[PDB]
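Visitor: I have a structure I would like to understand better, so I am pasting it below and will then ask my questions one at a time.
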Amino acid sequence: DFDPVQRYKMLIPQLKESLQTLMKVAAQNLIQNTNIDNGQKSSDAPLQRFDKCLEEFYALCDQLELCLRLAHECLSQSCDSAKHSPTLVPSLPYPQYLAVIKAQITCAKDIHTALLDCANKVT
Amino acid sequence: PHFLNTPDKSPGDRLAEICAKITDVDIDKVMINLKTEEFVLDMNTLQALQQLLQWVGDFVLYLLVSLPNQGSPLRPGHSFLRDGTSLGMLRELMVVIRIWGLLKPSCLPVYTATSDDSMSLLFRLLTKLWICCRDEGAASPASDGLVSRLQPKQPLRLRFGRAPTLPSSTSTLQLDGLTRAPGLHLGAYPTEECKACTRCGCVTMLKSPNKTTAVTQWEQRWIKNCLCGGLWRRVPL
Amino acid sequence: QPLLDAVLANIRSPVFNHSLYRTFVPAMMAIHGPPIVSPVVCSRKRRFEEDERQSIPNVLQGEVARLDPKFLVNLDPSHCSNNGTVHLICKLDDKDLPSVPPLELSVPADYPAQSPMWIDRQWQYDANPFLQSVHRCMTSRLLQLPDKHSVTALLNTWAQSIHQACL
């Protein structure tokens, strides 16, 4: 139940650490495969998968992108409507707010429909 | 014949073929049943296990996956191999490669990871398909449901060396001295060609030196004539 | 900071290039699943033939195109297949008095040089009094052009000198 900014701040360093571990496991797996395919047997030890790491890194990246996208959409939809009405919630009553919003939607739809009909009738 | 084995009663290499009369599952029992001692020829097993033995390790899986997809718009799909003798040779190869992987840790891969013993399950499936293929019997039940299950390990996209044809059917053709007219796993294929790449008559396209140490048996087998493709050919990068 | 992959890829000197495939391609093919990531078909015999086999150095052709309708150049019995490539006969047909055409044999058209040839200087310029004065100032003016250019620069300098010494 944290804020999106808090989730971003707590995801970024885990993201960096996941990237570091990804590079490390990739290097280890690559050097093991090379020593087992080019030179002599030296890396006789169980290595990681390098896939369970990259999948988790991609998951962290995607989750951070989704959190930031949600925050951006929230701030955008809160900014455009803040400049269209005052604040009134537990300066204005709720039924009047609903009626004003309905009238605004109706007027915008009417303008759009009139413009579309005129543009279609133009040709 | 690669076996530089110890003394035996009669042709220790033939025991891998006589192993046909064995149990179905748990190859670990079959190997103790047949033989386990005289199957180590060179400590430098790191010659063909990782590079060459991956072929059979992927081909067994591609053959197992091709079974529940008979509905594909092709009679065998990619391949069918319902004769049984080839399947028996495949099982023998699986036994000897299991012995190899027991001797040295450079076995065929689990193809990703997380088989709890991927070789055991692959061998169980091979034997379940092989039992009703041996001598004049019907073929597949539970096998069709088991092959439907895919572990977190199964790759695809195998080489399957094929050869382009020359379909000058019945009328005429008009080529040029150059400007071709449109109408193998031992490494041998990086992302972009950066070696000799001595192609062959049909499909091979194997490198000339091969950059190896002790697998020159295949090289000597392939330098001369080939599977109707002895006309080896050099193609630039 | 994570220089491990960099130093390992740098250490990987040997010629055998199959470890990177077997090490990376499985993961990418598992995550990214394109049966044909580049489904476009590419079968190309690029070069069929590219030569006109009749072209003189193209750089000179540009200048002969940029010439004014007053000027007009041609070719004499030509030791100019590809190397000299020019010794022309440019008659300065204009409004003012005409003159004798020069040769102006130039070097390879890359032009780390200029044209001036001065072939018919002997009999043409000494014969006439006006033509004698034409040569005089024109030589001094051509001894000023820093790295003059074959057609446009030298031809315009010749015309300017011819119509300036005219007074």
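Residues in the structure tokens are numbered from 1 in each chain, the chains being A, B, ... in the order shown, and ligands are numbered from 1 in the order shown.
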Determine which residues of chain A sit within 6 Å of chain C, taking into account only C-alpha atoms, and present them as JSON, numbers by chain.
Guide: {"A": [27, 34, 51]}
Visitor: Could you list, with a cut-off of 10 Å and counting only C-alpha atoms, the residues of chain B near chain A, each shown with its nearest atom pair and the distance in Å rounded to one decimal, rows sorted by chain and ascending number, as a tab-separated table?
Guide:
```
residue	atom	partner	partner_atom	distance
B:44	CA	A:40	CA	8.7
B:45	CA	A:41	CA	9.9
B:46	CA	A:36	CA	7.3
B:47	CA	A:37	CA	8.4
B:48	CA	A:37	CA	9.5
B:49	CA	A:37	CA	9.6
B:50	CA	A:37	CA	6.9
B:51	CA	A:37	CA	7.3
B:105	CA	A:44	CA	7.6
B:106	CA	A:36	CA	7.9
B:112	CA	A:49	CA	7.7
B:113	CA	A:49	CA	7.2
B:114	CA	A:49	CA	9.6
B:211	CA	A:38	CA	8.9
B:212	CA	A:38	CA	8.4
B:213	CA	A:38	CA	9.9
```
Visitor: Please write the residues from the selection above to a file, keeping C-alpha atoms, as a PDB file, in the first residue's frame.
Guide:
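In the end it all went to again-v2.pdb:
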```pdb
ATOM      1  CA  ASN B  44      39.681 -37.079 -22.376  1.00  0.00           C
ATOM      2  CA  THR B  45      36.003 -37.730 -22.995  1.00  0.00           C
ATOM      3  CA  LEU B  46      35.729 -33.977 -23.699  1.00  0.00           C
ATOM      4  CA  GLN B  47      36.129 -34.594 -27.420  1.00  0.00           C
ATOM      5  CA  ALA B  48      32.649 -35.377 -28.735  1.00  0.00           C
ATOM      6  CA  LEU B  49      30.288 -35.450 -25.736  1.00  0.00           C
ATOM      7  CA  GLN B  50      29.500 -31.735 -25.591  1.00  0.00           C
ATOM      8  CA  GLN B  51      29.786 -30.924 -29.303  1.00  0.00           C
ATOM      9  CA  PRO B 105      30.393 -34.944 -16.000  1.00  0.00           C
ATOM     10  CA  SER B 106      30.321 -33.680 -19.616  1.00  0.00           C
ATOM     11  CA  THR B 112      17.656 -26.204 -20.033  1.00  0.00           C
ATOM     12  CA  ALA B 113      17.628 -27.476 -16.429  1.00  0.00           C
ATOM     13  CA  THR B 114      15.286 -28.762 -13.735  1.00  0.00           C
ATOM     14  CA  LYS B 211      39.798 -26.969 -34.709  1.00  0.00           C
ATOM     15  CA  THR B 212      39.827 -30.133 -32.598  1.00  0.00           C
ATOM     16  CA  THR B 213      42.317 -32.514 -30.998  1.00  0.00           C
TER      17      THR B 213
END
```
Visitor: Just checking: using only C-alpha atoms, which residue out of B:111, B:39, B:123, B:62 ends up closest to chain C?
Guide: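 Under the stated criterion, the closest residue is B:111.
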Visitor: List as an mmCIF file with N, CA, C and O atoms, in the first residue's frame the protein and nucleic acid residues near residue 56 of chain C, meaning an atom at most 8 Å away when only C-alpha atoms are counted, but skip any in the same chain fewer than 2 places from it.
Guide:
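To be explicit, this is the file written out as result00.cif:
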```
data_model
loop_
_atom_site.group_PDB
_atom_site.id
_atom_site.type_symbol
_atom_site.label_atom_id
_atom_site.label_comp_id
_atom_site.auth_asym_id
_atom_site.auth_seq_id
_atom_site.Cartn_x
_atom_site.Cartn_y
_atom_site.Cartn_z
ATOM 1 N N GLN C 54 31.809 4.526 -72.413
ATOM 2 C CA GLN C 54 31.960 5.621 -73.364
ATOM 3 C C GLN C 54 32.165 6.943 -72.638
ATOM 4 O O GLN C 54 32.210 8.008 -73.265
ATOM 5 N N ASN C 58 33.865 12.243 -65.626
ATOM 6 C CA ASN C 58 32.579 12.875 -65.354
ATOM 7 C C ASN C 58 32.724 14.288 -64.808
ATOM 8 O O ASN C 58 31.858 15.139 -65.038
ATOM 9 N N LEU C 60 34.736 16.611 -65.692
ATOM 10 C CA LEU C 60 34.781 17.538 -66.816
ATOM 11 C C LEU C 60 33.396 17.717 -67.426
ATOM 12 O O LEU C 60 33.038 18.818 -67.867
ATOM 13 N N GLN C 61 32.601 16.647 -67.449
ATOM 14 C CA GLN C 61 31.254 16.734 -68.000
ATOM 15 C C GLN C 61 30.404 17.718 -67.208
ATOM 16 O O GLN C 61 29.599 18.463 -67.777
ATOM 17 N N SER C 81 41.841 9.980 -74.468
ATOM 18 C CA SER C 81 40.965 8.844 -74.155
ATOM 19 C C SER C 81 40.571 8.919 -72.678
ATOM 20 O O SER C 81 39.381 9.089 -72.379
ATOM 21 N N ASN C 82 41.509 8.804 -71.735
ATOM 22 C CA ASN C 82 41.161 8.794 -70.323
ATOM 23 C C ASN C 82 42.077 9.616 -69.428
ATOM 24 O O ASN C 82 41.637 10.035 -68.351
ATOM 25 N N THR C 85 42.334 13.585 -71.394
ATOM 26 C CA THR C 85 40.871 13.627 -71.386
ATOM 27 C C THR C 85 40.337 14.919 -71.996
ATOM 28 O O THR C 85 39.134 15.076 -72.211
#
```
Visitor: Could you pull the residues within 12 Å of residue 79 of chain C, counting only C-alpha atoms, minus those fewer than 6 positions along the same chain, as an MDAnalysis selection string?
Guide: chainID C and resid 85:88 105:107
Visitor: Here is a test: counting only C-alpha atoms, which residue of B:35, B:234, B:224, B:78 is nearest to residue 208 of chain B?
Guide: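 Using only C-alpha atoms, residue 208 of chain B sits closest to B:234.
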Visitor: Using only C-alpha atoms, find the residues of chain B whose closest atom to chain C is at most 12 Å away, then write them as a PyMOL selection string.
Guide: chain B and resi 50-51+54+109-113+152-158+176+178-183+185-196+207+209-212
Visitor: Need the shell around residue 121 of chain C: protein/DNA/RNA residues with any atom at most 12 Å away, counting only C-alpha atoms. Skip same-chain ones fewer than 3 positions apart. Format as a ChimeraX atom specification?
Guide: /C:100-104,116-118,124-128,131-132,134-136,139
